[PDB]
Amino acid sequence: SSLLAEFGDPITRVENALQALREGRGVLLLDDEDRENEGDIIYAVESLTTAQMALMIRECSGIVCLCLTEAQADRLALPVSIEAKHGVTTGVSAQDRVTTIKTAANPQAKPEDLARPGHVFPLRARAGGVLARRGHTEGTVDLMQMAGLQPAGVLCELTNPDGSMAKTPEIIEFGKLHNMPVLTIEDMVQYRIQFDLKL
C-alpha cells in the first residue's frame, strides 16, 4: 500500500485538500508519492492569518513565497522581492508578511502599493497550471482556483528541527499532527484531466 494511501486515493486527497482550503485551513503538497520528496505547507491568501504565517516561520524554511497568476503579477508590474508600501515596519514579522501578501494579491492592487525589494517572494504560475508545468507554484494557484478561492496562495518548505528538509514520511506525520490534508501534484494532474478542469 502506497505512502499516502491512508489519506485516501488520489481523487479523495485532492477533494479533502480543496475542502480544507475552503474552510480556511492549510495543506501539504508533494510532487508525488516518492518517499524522498520534500514538501511545502500551503495556505490560501484569502483566509490567511497572522497565526498561520507564524506557524510557517516556525516550522518551515522562512523563505515564504507568494504564488500568483501571470495576470496579478502583471497588475503589480512584477518582472523581485516585495514589501507593502504602507502598514508595515521591518517587513519580517508574521503580521507584516501577511499585510504585504494581502496587499500584493489584492485584485484592485496598483504597483505603487508595494515597495521593492522586500521580505516576501512572489512567484508567477505558468498558464495551464500543473497540466503545463508540475511545479509547486502551479499546484498552489491551481488549488485556489479549483477551490473557488482568490487565485493566490502562500507556500514554504517544511523543515525538520535539525535543519534538514522534511521528506514524505515527515510531511505525512506533520499533516496528521496538524490535521492538514496531504496531496501530490500527480494527484492534481489526474484530477484536473478526469474532471476536464480548464481553469
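Position 1 is the first residue in the sequence shown; the rest follow in order. By rigid core we mean the largest C-alpha set that fits within 1.5 Å across both forms.
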Item to complete: Consider 128-136 and 35-43 separately and indicate which one has Cα atoms farther, on average, from the shown form in 5 other deposited structures of this protein after rigid core alignment.
Response: 35-43
Worksheet, complete the sentence: Between 162-170 and 66-74, greater root mean square CA displacement in 5 other deposited structures of this protein relative to the shown form, after rigid core superposition, belongs to 162-170
Worksheet item: Can you say how many deposited residues have no coordinates in the span between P79 and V80, choosing none, 1 to 3, 4 to 9, or 10 or more?
Response: 10 or more
Worksheet item: Which is higher on average in the deposited entry, the C-alpha temperature factors of 117-125 or of 70-78?
Response: 70-78
Worksheet item: Should the higher mean CA B-factor in the entry be assigned to 146-154 or to 61-69?
Response: 146-154
Item to complete: Please work out which residue in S164, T168, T137, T50 has the highest C-alpha B-factor recorded for this crystal structure.
Response: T168
Worksheet item: Within this chain, which third does the Cα B-factor at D40 fall in: lowest, middle or highest?
Response: lowest
Worksheet item: For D187, does the deposited CA B-factor place it in the lowest, middle or highest third of the chain?
Response: lowest
Worksheet item: By its CA B factor, does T103 count among the lowest, middle or highest third of the modelled residues in the chain?
Response: lowest
Practice prompt. Comparing against every modelled residue in the chain, figure out the third that the C-alpha B-factor of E83 lands in (lowest, middle or highest).
Written response: middle
Worksheet entry | For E46, the third of its chain into which the C-alpha B factor falls | middle
